Amino acid sequence: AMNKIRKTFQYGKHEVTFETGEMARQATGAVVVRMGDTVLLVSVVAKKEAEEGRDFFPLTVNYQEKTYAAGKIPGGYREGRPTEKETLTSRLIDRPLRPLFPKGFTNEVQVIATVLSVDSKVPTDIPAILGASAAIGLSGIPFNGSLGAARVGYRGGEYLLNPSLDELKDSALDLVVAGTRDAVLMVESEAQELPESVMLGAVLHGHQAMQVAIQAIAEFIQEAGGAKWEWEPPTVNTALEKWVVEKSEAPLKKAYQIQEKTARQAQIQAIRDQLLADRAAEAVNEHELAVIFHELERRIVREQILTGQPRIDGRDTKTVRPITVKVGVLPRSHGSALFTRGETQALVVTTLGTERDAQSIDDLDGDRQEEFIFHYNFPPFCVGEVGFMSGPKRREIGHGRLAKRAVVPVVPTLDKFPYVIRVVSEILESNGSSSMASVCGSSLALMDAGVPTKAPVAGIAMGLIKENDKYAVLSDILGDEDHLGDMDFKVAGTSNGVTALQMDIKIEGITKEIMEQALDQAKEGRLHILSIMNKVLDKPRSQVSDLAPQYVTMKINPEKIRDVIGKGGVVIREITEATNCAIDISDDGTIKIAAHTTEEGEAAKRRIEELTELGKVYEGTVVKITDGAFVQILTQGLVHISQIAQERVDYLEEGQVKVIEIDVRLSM
Amino acid sequence: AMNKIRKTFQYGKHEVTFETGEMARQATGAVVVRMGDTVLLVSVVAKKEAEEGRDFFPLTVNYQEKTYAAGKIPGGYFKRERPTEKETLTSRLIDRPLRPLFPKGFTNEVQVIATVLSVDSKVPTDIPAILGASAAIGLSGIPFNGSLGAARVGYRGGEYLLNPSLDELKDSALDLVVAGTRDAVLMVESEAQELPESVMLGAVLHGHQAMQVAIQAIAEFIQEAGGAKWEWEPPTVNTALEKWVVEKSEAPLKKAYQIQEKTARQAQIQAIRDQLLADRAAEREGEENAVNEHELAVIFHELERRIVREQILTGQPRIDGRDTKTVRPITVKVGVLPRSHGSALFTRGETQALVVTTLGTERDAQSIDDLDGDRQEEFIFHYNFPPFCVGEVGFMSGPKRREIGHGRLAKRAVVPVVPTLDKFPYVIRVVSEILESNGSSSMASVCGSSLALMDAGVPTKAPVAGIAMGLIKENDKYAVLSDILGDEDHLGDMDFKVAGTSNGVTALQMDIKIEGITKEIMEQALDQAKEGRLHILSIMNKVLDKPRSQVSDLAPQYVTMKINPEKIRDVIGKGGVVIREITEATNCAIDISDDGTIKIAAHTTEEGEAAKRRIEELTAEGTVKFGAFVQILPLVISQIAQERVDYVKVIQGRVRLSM
Amino acid sequence: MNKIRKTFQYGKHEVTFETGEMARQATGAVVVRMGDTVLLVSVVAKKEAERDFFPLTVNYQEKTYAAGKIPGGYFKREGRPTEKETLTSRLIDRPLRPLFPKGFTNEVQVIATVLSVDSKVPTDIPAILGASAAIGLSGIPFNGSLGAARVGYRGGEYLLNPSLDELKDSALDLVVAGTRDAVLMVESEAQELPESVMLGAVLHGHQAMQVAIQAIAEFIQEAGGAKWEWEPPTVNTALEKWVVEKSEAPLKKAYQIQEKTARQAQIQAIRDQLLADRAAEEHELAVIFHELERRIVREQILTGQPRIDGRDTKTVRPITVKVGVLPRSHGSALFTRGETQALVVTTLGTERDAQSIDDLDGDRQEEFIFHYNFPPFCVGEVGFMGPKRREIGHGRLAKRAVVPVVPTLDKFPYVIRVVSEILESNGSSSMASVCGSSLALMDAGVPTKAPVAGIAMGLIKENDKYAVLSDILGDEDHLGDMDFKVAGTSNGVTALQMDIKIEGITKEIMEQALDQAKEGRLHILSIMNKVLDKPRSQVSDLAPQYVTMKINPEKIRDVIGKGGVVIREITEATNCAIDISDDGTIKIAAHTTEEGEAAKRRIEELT
């Protein structure tokens with residue numbers, strides 16, 4: 001039974017289309033989104049059942065790009081493990097969905113967004129979200145949506161809606177916003193030191209722009225929408241609630257007055273364990289029990305701040321935690337630093353390399369190359385846990401990316417600094433926003449390594465607590481205030497402006513007023529941290545490191561250039577492959593060699609002294625014999641029989657000579 | 001202590017020896033199979049007890065190829081043998097015929113590992129692998145209905161080939177593996193070039209007759225060297241209870257299965273069950289919990305399979321209302337994706353395939369290194385079976401077993417119609433996305449592939465279609481089901497899939513769960529499947545019946561230039577290092593004819609016109625070492641300055657002019 | 001802040017411990033530095049226990065930035081534990097485990113990350129010192145702490161904590177860790193060195209070690225927090241008491257019985273007759289039964305009674321041997337000793353087949369490739385099939401035992417790949433892999449210096465009484481207080497491994513142990529040699545061949561080309577390793593005959 005519904009609307013420069021009822025009919029919901037020539041099939045599947053007493057919402061979004069979308073056969077060996085981009089877009093898509101799924105809805109849902117065709121004029125992430133909104137909306141799955149999304153560029157003082165990839169080459173702002181009709185949900189952006197007034201106006205611009213799509217998706221759901229799932233959250237029995245409150249409230253109140261994190265968490269757990277034990281003394285319950293307990297935590301933490309009382313570690317809403325900053329932390333690194341802000345610590349190591357160390361990426365967008373790679377990883381011992389050490393998690397990529405695009409604007413160009421840079425931020429402790437410590441930390445590690453940055457860059461994490469009209473904007477948030485708070489608001493940049501802005505908003509009905517206030521209280525905190533930073537390292541060091549790849553320089557007769565590059569460019573490639581040294585040659589005459597070592601650096605030249613009289617006493621092998629013998633000196637010259645070892649003269653066959661003349665004679 | 005028993009016998013051209021009692025002695029059984037110089041160690045291990053409840057049979061086959069078997073050191077750069085397509089596929093090939101041979105209700109976990117110790121090019125490994133499995137299992141004493149042989153059968157010159165090598169299949173119009181017991185064909189797997197059903201069926205029977213010698217060899221080998229057979233029994237019955245559940249539930253159940261609407265139907269069956277459960281409960285009452293509800297479930301489950309089977313056998317319509325011969329609704333579409341080189345959406349009932357074609361350049365060929373390695377594939381056929389197609393949630397990790405197995409079946413269905421590389425100088429990649437599967441998706445993959453390729457302008461020999469079948473057999477009566485649903489394959493005692501063109505079978509796959517499926521039944525089953533695949537062909541032909549007059553503007557193109565033949569040594573270079581570099585540079589296949597042409601394979605134009613330059617410059621303004629001599633491409637004095645004397649116009653010599 | 005920094009001197013290098021600055025949230029963490037080698041070591045002990053086994057997991061990881069390098073992968077990151085990383089993790093794990101108190105089920109995870117690496121300081125030792133010190137601060141129940149040292153041999157003199165370059169000139173690379181009191185674990189490779197030299201190295205390592213152990217013991221004081229509250233569970237003498245009085249006599253008679261069936265019958269019977277009368281008057285029973293069971297058998301061997309299979313302590317299981325078992329392999333050997341069996345295959349290749357391993361030891365080529373596969377069927381089990389830890393662990397021991405008798409590449413210009421299949425394992429199969437290798441390399445005509453063998457041993461020590469067990473069964477592993485394995489030639493000892501549970505093990509004995517090992521070694525060797533004595537005078541026909549040709553000296557550069565590009569194309573076209581005499585002939589290393597005469601058709605046109 002095939003009944004195909006299609007809604008079409010016009011989103012700025014492009015025509016968008018949602019189709020349903022043709023493809024993927026067994027999914028709980030599925031939509032074909034086409035925007036320009038960019039097409040995704042977005043299907044959601046949701047289990048009707050949930051595991052009794054589940055602590056988390058098993059939403060999985062899988063965004064996958066098919067190389068047949070761009071007309072290309074996959075390069076390596078089919079499509080392999082997820083590309084960094086795929087991981088990121090899955091994460092970009094997940095974020096805004098999550099808060100729209102009702103509190104307490106634990107059924108596992110899976111969103112799969114597959115790119116069928118990719119148009120260069122239309123980046124995929126935007127219609128992906130539009131699709132996910134539409135698919136979840138069709139499904140009937142409990143959802144508070146529908147959410148739209150928009151990308152906003154900034155060029156010539158105007159705002160660009162849904163810019164292409166090239167168009168962004170001209171933009172100082174790359175920003176994706178996603179929200180509902182009434183509220184902004186999440187924001188991801190990089191920018192070059194733009195002012196808060198611009199960042200905010202950009203979030204608002206997109207939030208207005210996307211309304212057309214949220215309307216369209218909304219009515220699409222009207223026409224073709226399935227039946228709304230009858231569903232309700234797990235129930236709490238207030239008899240038990242009262243019981244839990246009377247027993248744990250006073251203890252939680254103080255337990256939350258413990259400044260030191262691990263001491264706090266231990267005490268909380270003890271309260272939690274006494275509870276469970278106190279209950280048993282008399283599988284859903286324990287969940288129902290945990291629900292009540294968590295609600296209590298929330299109210300306790302929240303009502304403290306809302307009433308003017310001091311925060312968990314005692315700060316007022318406006319004060320950043322204590323910061324200790326060091327550099328030259330590791331002996332063998334090119335650059336390093338240790339950034340400790342409160343209980344959050346990042347050890348950022350910088351490494352340098354030649355083009356050989358540069359990274360090729362493959363994906364839609366075609367095959368490009370990054371000379372700046374930024375890695376971030378988050379080990380279980382920073383949280384005080386025990387876990388598996390396997391490859392980087394979606395957040396570890398997601399946070400690496402954010403930290404990276406915060407820093408990118410101040411990272412020098414290829415022109416000035418002809419290296420490849422690898423930054424690795426390692427979080428050795430995290431009580432909150434380790435993400436921002438990476439930025440801070442890396443800015444120091446980059447300078448400490450001699451990288452000629454435009455200006456020192458730092459970042460801060462904000463949140464708020466709102467009930468009705470009243471709200472407090474928290475600065476330098478800690479894990480608890482993110483978990484029990486209403487938002488996590490990330491701002492990074494230099495003194496002159498914001499390089500990156502990231503928003504995740506749990507609640508709805510947040511206003512530009514609050515947002516406007518949070519961008520500065522952030523701006524303060526940023527400048528506060530910058531000051532404390534600049535006391536250790538204010539500027540990039542005037543030189544790279546000693547163990548850093550350094551160039552070996554030798555000058556060649558511009559005529560002798562015909563050789564070293566070889567016919568077709570083959571001999572220079574042979575050289576760089578054999579020594580692993582990248583060689584750069586002035587059209588005349590100087591050579592500049594990139595050497596990770598002096599051992600190759602010296603191994604790169606010996607190969608170039610080759611391709612490039614006067615005797616000078618060479619040593620070279622005999623090839624032809626006559627009559628004397630032509631030896632091979634690198635060209636050939638005659639050893640006259642008169643000049644063979646004297647006594648008047650065989651004397652050799654072939655295998656192993658001074659040069660005695662030219663217009664080339666030899667002697668022994 | 002080691003007691004080593006050997007069995008030597010002739011199989012076709014090759015001497016086969018089984019050994020046991022020397023290696024792998026702690027296995028539940030182990031055999032070293034040798035055929036020609038191909039050698040395998042095949043071992044089986046079975047847990048001695050089933051888990052608490054067990055609803056199924058945990059059979060696992062591991063087939064692995066050591067590269068030392070080929071006297072090679074592995075190419076993988078950490079230099080170790082990620083089970084490959086072939087290793088997976090062959091594992092699945094060995095698995096299939098084993099399953100039906102394990103007795104009903106034997107739930108003990110069983111692992112079969114087949115490792116290739118040495119490889120002979122004359123003797124493909126899978127055949128001895130199946131024989132070895134047959135022997136190890138027999139030796140094990142594990143309960144088994146066996147023992148089974150296998151044979152590969154080729155067709156050349158109108159006559160059958162027994163266990164041919166790859167070299168020999170190059171001249172064969174058929175590649176078919178058949179596995180069976182003394183009395184029965186268990187599984188068939190094959191590709192063929194448009195061969196008629198009787199030649200296909202003839203091959204199955206030729207293999208089945210030909211393998212007997214190996215089955216006999218194994219059977220007596222086992223007799224001699226086997227270990228004590230396991231003492232095992234299928235769960236006891238309660239005949240009285242069964243007769244009672246039947247008398248009670250049968251009439252109502254027959255009426256329930258008259259409801260085509262699932263949720264509505266499953267409701268009734270639950271009612272009938274719950275009622276049955278009450279009735280038993282009263283028949284006892286004061287006796288203590290004498291109602292198990294489990295043994296009842298089993299008896300009940302088995303009764304509804306009987307009943308459904310009976311209804312179809314007596315002419316009743318299938319669960320969805322179709323009779324045995326009718327194929328589900330089909331809808332075909334081409335050119336569904338803007339940026340694809342070709343595409344199709346094939347939907348048959350609830351089975352649906354989005355198939356996409358990508359045209360590519362010699363640069364895109366996927367290399368393969370294995371036993372019989374150093375191979376390039378210009379035809380790349382992938383397959384995808386996402387959780388949502390069956391309407392559930394599942395991980396996305398890598399190609400699954402089924403995805404390889406199904407994907408591969410589809411590929412061998414299509415390959416016979418795919419143009420030779422001389423005729424169509426493109427590498428092809430077809431990716432099959434199964435959006436909806438209840439049905440046979442793999443055959444949908446076939447139909448969609450045939451459409452996708454033509455849509456892309458691939459000059460396929462002819463459109464190819466495929467269809468999946470099932471067969472119910474109760475005693476002497478049987479029914480042949482066309483285009484079976486998913487739930488229908490457990491209904492039947494054998495399932496087969498047949499793909500081909502209007503003129504012949506390009507692939508045939510058979511899995512048989514029972515004994516006494518005759519050449520006659522097969523003959524008739526294949527006919528109904530033919531009538532089916534033509535029905536489907538006719539439908540798809542209405543959308544696109546022949547390849548497109550040309551290639552998508554989005555596909556790779558040839559760029560053509562003319563050169564100086566005397567300069568060919570210059571472009572190819574000394575040793576051929578120059579032309580190499582050019583390709584790895586621009587990523588273009590550069591094929592230089594004797595004189596004087598150059599054909600350049602280019603994905604984009606930019607890549608192509610780049611190949612042009614590096615060529616041209618190397619053959620046909622600027623910027624040295626008074627007088628000028630700047631030299632530019634790898635010497636104007638008056639015209640530096642007429643002002644006399646600081647500080648390519650071109651006309652041993654070689655004097656001018658630059659500036 | 002603090003930031004407590006202890007500094008001492010280990011031999012040539014200055015070692016530095018510190019804490020309080022970083023990884024504060026961890027149960028404990030230390031930054032250990034030796035020379036310029038730096039490792040963050042951290043220990044997280046999970047809050048509360050759960051179990052009957054010890055969930056200890058050590059992860060030693062290497063960051064490329066420690067070496068100033070960017071990872072060579074496609075993703076430019078490090079996601080794939082290297083064989084090295086897995087090996088070191090295993091190595092750091094061994095000496096720690098036995099130090100963790102009896103009946104401590106609390107889950108512990110130690111993470112040692114290399115943040116900096118010096119060519120003069122191998123990363124092994126500072127890691128172990130740092131793990132020992134990290135666990136120190138955690139306050140986690142521990143009977144430690146310990147330290148580690150490496151010992152080399154150059155010109156009759158031992159070398160403390162030698163570097164990679166220096167090891168080149170050492171006849172010995174030996175790692176040892178131990179508590180102040182006693183030695184715990186040893187891992188070594190030597191070139192046919194005497195037992196006296198090896199064991200002297202274990203002592204030397206143990207003596208030079210105390211400096212570190214002291215430094216550590218102090219570092220804890222200056223910094224480390226007070227211990228964890230803990231104590232061996234619920235010890236019930238009431239439980240012990242009754243069991244014995246109703247248990248020993250019937251059970252000690254149940255092990256005088258033959259191999260199995262009459263064992264698992266009567267024993268299991270006892271587990272009933274005693275199961276029956278218990279309730280007349282918790283799994284806790286299951287143990288103190290097994291522990292008694294242990295004691296029973298431990299005793300019986302000490303009194304010189306049959307081992308579980310009927311063997312005495314000195315006799316090695318019957319050994320059968322075959323070479324050239326597989327038709328198409330370059331070399332083959334099937335080595336069965338008792339119920340342990342290894343099929344081992346030799347494959348030779350051109351320089352094109354050489355291993356490229358990149359890591360903190362610098363970019364390198366390996367022409368000797370050794371692999372070890374331990375499939376589930378050898379033990380009679382079903383299991384899943386990337387090689388596990390123990391496979392690399394056992395594989396690596398086997399390798400280093402064979403390496404010293406392996407020809408240098410100039411003497412035998414072939415890449416070698418040895419693969420060892422364990423088709424049966426009861427009693428050490430890592431040693432079966434060594435015995436299987438000699439034969440296989442020799443069957444393949446690989447001119448090994450001498451046939452090599454190895455044996456796995458065990459020691460039961462109760463008080464001052466003990467017994468040294470030869471060719472230990474898998475089920476004799478729990479019995480032993482020491483599990484050591486030994487491999488070597490008719491002359492010296494190639495490889496030595498030891499792991500030690502109890503204390504008070506004295507030089508006076510393991511000396512003896514190392515002998516009884518030598519006996520068996522010699523014994524095994526004698527039986528091997530009568531199958532294959534010396535390497536085959538020839539390399540197998542199927543193996544790569546060297547085609548030799550002679551061209552005109554003047555044209556040597558028409559082959560090699562310009563900068564070397566022409567000669568690289570030929571080797572990358574035909575897959576042949578090619579070299580030219582200064583002026584003269586040309587040796588072509590070819591896999592097949594075609595491939596090799598493909599190299600000729602090319603070299604001729606250039607001529």
# chains A, B, ... in the order shown; residues from 1 in each chain; ligands from 1
>>> interface_residues(of="chain C", to="chain A", cutoff="8 Å", atoms="only C-alpha atoms", output="PyMOL selection string")
chain C and resi 22-27+36+38+42-46+59+65-72+74-80+108-109+115-118+553-554+562-565+582-584
>>> select_by_dssp(residues="segment 41-120 of chain B", states="alpha helix (DSSP H)", output="number ranges by chain")
B: 85-98
>>> closest_residue(among="B:523, B:476, B:378, B:65", to="chain A", atoms="only C-alpha atoms")
B:378
>>> closest_atom_pairs(of="chain A", to="chain B", cutoff="8 Å", atoms="only C-alpha atoms", output="CSV")
residue,atom,partner,partner_atom,distance
A:23,CA,B:435,CA,6.6
A:24,CA,B:435,CA,4.8
A:25,CA,B:436,CA,6.6
A:26,CA,B:391,CA,4.9
A:27,CA,B:391,CA,4.9
A:28,CA,B:391,CA,7.0
A:37,CA,B:338,CA,6.1
A:39,CA,B:337,CA,7.7
A:43,CA,B:388,CA,7.2
A:44,CA,B:388,CA,7.6
A:45,CA,B:392,CA,6.1
A:46,CA,B:393,CA,6.9
A:47,CA,B:392,CA,7.1
A:68,CA,B:340,CA,6.0
A:69,CA,B:339,CA,6.1
A:70,CA,B:339,CA,6.2
A:71,CA,B:340,CA,5.5
A:72,CA,B:358,CA,6.5
A:73,CA,B:358,CA,6.5
A:74,CA,B:364,CA,8.0
A:75,CA,B:364,CA,7.3
A:77,CA,B:366,CA,6.3
A:78,CA,B:382,CA,7.5
A:80,CA,B:398,CA,7.7
A:81,CA,B:397,CA,7.3
A:108,CA,B:393,CA,8.0
A:109,CA,B:393,CA,7.1
A:110,CA,B:393,CA,6.0
A:116,CA,B:337,CA,6.8
A:117,CA,B:339,CA,5.3
A:118,CA,B:339,CA,6.9
A:119,CA,B:339,CA,7.8
A:558,CA,B:625,CA,7.2
A:559,CA,B:625,CA,7.1
A:562,CA,B:634,CA,6.4
A:567,CA,B:578,CA,6.4
A:568,CA,B:578,CA,5.3
A:569,CA,B:581,CA,7.3
A:570,CA,B:581,CA,6.1
>>> residues_around(residues="residue 453 of chain C", least_positions_apart="4", cutoff="7 Å", atoms="only C-alpha atoms", output="number ranges by chain")
C: 434-435, 487-489, 521, 524-525
>>> write_last_selection(atoms="N, CA and C atoms", output="PDB file, in the first residue's frame")
ATOM      1  N   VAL C 434      58.534 -22.716  20.412  1.00  0.00           N
ATOM      2  CA  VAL C 434      59.977 -22.615  20.244  1.00  0.00           C
ATOM      3  C   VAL C 434      60.544 -23.888  19.622  1.00  0.00           C
ATOM      4  N   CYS C 435      60.196 -25.033  20.202  1.00  0.00           N
ATOM      5  CA  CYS C 435      60.619 -26.322  19.671  1.00  0.00           C
ATOM      6  C   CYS C 435      60.113 -26.510  18.243  1.00  0.00           C
ATOM      7  N   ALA C 487      63.952 -21.524  27.911  1.00  0.00           N
ATOM      8  CA  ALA C 487      64.315 -22.015  26.583  1.00  0.00           C
ATOM      9  C   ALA C 487      65.774 -21.716  26.256  1.00  0.00           C
ATOM     10  N   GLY C 488      66.372 -22.551  25.411  1.00  0.00           N
ATOM     11  CA  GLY C 488      67.763 -22.374  25.036  1.00  0.00           C
ATOM     12  C   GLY C 488      68.308 -23.484  24.159  1.00  0.00           C
ATOM     13  N   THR C 489      69.611 -23.425  23.898  1.00  0.00           N
ATOM     14  CA  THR C 489      70.277 -24.394  23.035  1.00  0.00           C
ATOM     15  C   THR C 489      71.018 -25.451  23.839  1.00  0.00           C
ATOM     16  N   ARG C 521      65.270 -29.522  28.744  1.00  0.00           N
ATOM     17  CA  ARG C 521      65.686 -28.837  27.527  1.00  0.00           C
ATOM     18  C   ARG C 521      66.541 -29.782  26.687  1.00  0.00           C
ATOM     19  N   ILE C 524      64.498 -32.820  25.476  1.00  0.00           N
ATOM     20  CA  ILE C 524      63.665 -32.447  24.340  1.00  0.00           C
ATOM     21  C   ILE C 524      64.513 -32.297  23.086  1.00  0.00           C
ATOM     22  N   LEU C 525      65.613 -31.563  23.215  1.00  0.00           N
ATOM     23  CA  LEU C 525      66.524 -31.327  22.102  1.00  0.00           C
ATOM     24  C   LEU C 525      66.986 -32.627  21.443  1.00  0.00           C
TER      25      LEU C 525
END
>>> residues_around(residues="segment 291-306 of chain B", least_positions_apart="3", cutoff="6 Å", atoms="only C-alpha atoms", output="list in words")
residues 281, 309 and 310 of chain B
>>> write_last_selection(atoms="C-alpha atoms", output="PDB file, in the first residue's frame")
ATOM      1  CA  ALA B 281      -5.603 -26.192  33.966  1.00  0.00           C
ATOM      2  CA  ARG B 309       1.171 -25.843   6.101  1.00  0.00           C
ATOM      3  CA  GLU B 310      -1.990 -27.932   5.685  1.00  0.00           C
TER       4      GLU B 310
END
>>> residues_around(residues="segment 49-54 of chain A", least_positions_apart="6", cutoff="12 Å", atoms="only C-alpha atoms", output="list in words")
residues 104, 105, 106, 107, 108, 109, 229, 231, 232, 233, 234, 235, 283, 284, 285, 286, 287, 288, 289, 290 and 291 of chain A; 392 and 393 of chain B
>>> write_last_selection(atoms="C-alpha atoms", output="PDB file, in the first residue's frame")
ATOM      1  CA  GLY A 104      11.816  10.255  31.371  1.00  0.00           C
ATOM      2  CA  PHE A 105      11.280   8.728  27.941  1.00  0.00           C
ATOM      3  CA  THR A 106      13.782   5.891  27.970  1.00  0.00           C
ATOM      4  CA  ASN A 107      12.766   3.849  24.919  1.00  0.00           C
ATOM      5  CA  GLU A 108      15.764   3.421  22.648  1.00  0.00           C
ATOM      6  CA  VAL A 109      15.417   5.334  19.405  1.00  0.00           C
ATOM      7  CA  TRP A 229       2.158   7.291  20.681  1.00  0.00           C
ATOM      8  CA  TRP A 231       2.992   7.286  26.405  1.00  0.00           C
ATOM      9  CA  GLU A 232       3.627   8.470  29.951  1.00  0.00           C
ATOM     10  CA  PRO A 233       6.715   8.926  32.172  1.00  0.00           C
ATOM     11  CA  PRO A 234       7.406   6.499  35.015  1.00  0.00           C
ATOM     12  CA  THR A 235       5.159   7.377  37.951  1.00  0.00           C
ATOM     13  CA  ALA A 283      13.667  -3.073  39.646  1.00  0.00           C
ATOM     14  CA  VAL A 284      11.268  -0.201  38.956  1.00  0.00           C
ATOM     15  CA  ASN A 285      11.312   1.037  42.539  1.00  0.00           C
ATOM     16  CA  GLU A 286      15.076   1.515  42.627  1.00  0.00           C
ATOM     17  CA  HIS A 287      14.509   3.586  39.489  1.00  0.00           C
ATOM     18  CA  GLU A 288      11.507   5.372  40.985  1.00  0.00           C
ATOM     19  CA  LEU A 289      13.752   5.794  44.014  1.00  0.00           C
ATOM     20  CA  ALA A 290      16.619   7.240  41.979  1.00  0.00           C
ATOM     21  CA  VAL A 291      14.255   9.578  40.149  1.00  0.00           C
TER      22      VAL A 291
ATOM     23  CA  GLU B 392      14.112  -2.343  14.307  1.00  0.00           C
ATOM     24  CA  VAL B 393      17.093  -0.691  15.972  1.00  0.00           C
TER      25      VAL B 393
END
>>> closest_atom_pairs(of="chain C", to="chain B", cutoff="6 Å", atoms="only C-alpha atoms", output="tab-separated table")
residue	atom	partner	partner_atom	distance
C:328	CA	B:118	CA	5.2
C:329	CA	B:71	CA	5.5
C:347	CA	B:71	CA	6.0
C:377	CA	B:27	CA	5.3
C:378	CA	B:26	CA	5.9
C:380	CA	B:27	CA	5.0
C:382	CA	B:111	CA	5.9
C:423	CA	B:24	CA	4.7
C:424	CA	B:24	CA	5.7
C:566	CA	B:575	CA	5.4
>>> residues_around(residues="residue 106 of chain B", least_positions_apart="2", cutoff="9 Å", atoms="only C-alpha atoms", output="list in words")
residues 50, 56, 57, 102, 103, 104, 108, 109, 143, 232, 233 and 234 of chain B
>>> write_last_selection(atoms="C-alpha atoms", output="short mmCIF file (atom, residue, chain, number, x, y, z; two decimals), in the first residue's frame")
data_model
loop_
_atom_site.label_atom_id
_atom_site.label_comp_id
_atom_site.auth_asym_id
_atom_site.auth_seq_id
_atom_site.Cartn_x
_atom_site.Cartn_y
_atom_site.Cartn_z
CA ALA B 50 22.76 -26.91 26.42
CA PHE B 56 17.83 -22.36 18.75
CA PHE B 57 20.99 -24.07 17.54
CA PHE B 102 21.94 -31.57 13.18
CA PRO B 103 18.95 -33.37 14.75
CA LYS B 104 15.80 -31.47 15.70
CA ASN B 108 24.49 -27.63 22.08
CA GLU B 109 26.84 -24.86 20.98
CA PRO B 143 24.62 -36.14 17.05
CA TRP B 232 21.53 -38.09 23.08
CA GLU B 233 17.76 -38.02 22.78
CA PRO B 234 15.21 -35.48 21.55
#
>>> closest_residue(among="A:226, A:366, A:145, A:479", to="residue 313 of chain A", atoms="only C-alpha atoms")
A:479
>>> atom_distance(atom1="atom CA of residue 238 of chain A", atom2="atom CA of residue 102 of chain A")
20.8 Å
>>> residues_around(residues="residue 367 of chain C", least_positions_apart="5", cutoff="8 Å", atoms="only C-alpha atoms", output="PyMOL selection string")
chain C and resi 351+353-355+409+414-416
>>> write_last_selection(atoms="N, CA and C atoms", output="compact mmCIF listing (two decimals), in the first residue's frame")
# COMPACT_ATOMS: atom_id res chain seq x y z
N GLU C 351 62.95 -8.67 0.30
CA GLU C 351 63.05 -7.52 1.18
C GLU C 351 61.74 -6.74 1.13
N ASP C 353 58.94 -7.94 1.67
CA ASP C 353 58.06 -8.50 2.69
C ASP C 353 58.41 -8.05 4.11
N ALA C 354 59.51 -7.33 4.26
CA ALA C 354 59.96 -6.87 5.57
C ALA C 354 58.91 -6.06 6.35
N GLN C 355 58.87 -6.26 7.66
CA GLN C 355 57.98 -5.50 8.53
C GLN C 355 58.40 -4.05 8.76
N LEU C 409 70.77 -10.92 8.44
CA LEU C 409 70.20 -10.78 7.10
C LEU C 409 71.25 -10.87 5.98
N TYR C 414 67.00 -13.37 3.40
CA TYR C 414 65.58 -13.64 3.22
C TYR C 414 64.79 -13.02 4.37
N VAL C 415 63.64 -12.45 4.06
CA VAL C 415 62.67 -12.14 5.10
C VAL C 415 62.09 -13.46 5.60
N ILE C 416 61.93 -13.59 6.91
CA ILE C 416 61.38 -14.81 7.47
C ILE C 416 60.09 -14.51 8.21
>>> atom_distance(atom1="atom CA of residue 166 of chain C", atom2="atom CA of residue 603 of chain A")
23.8 Å
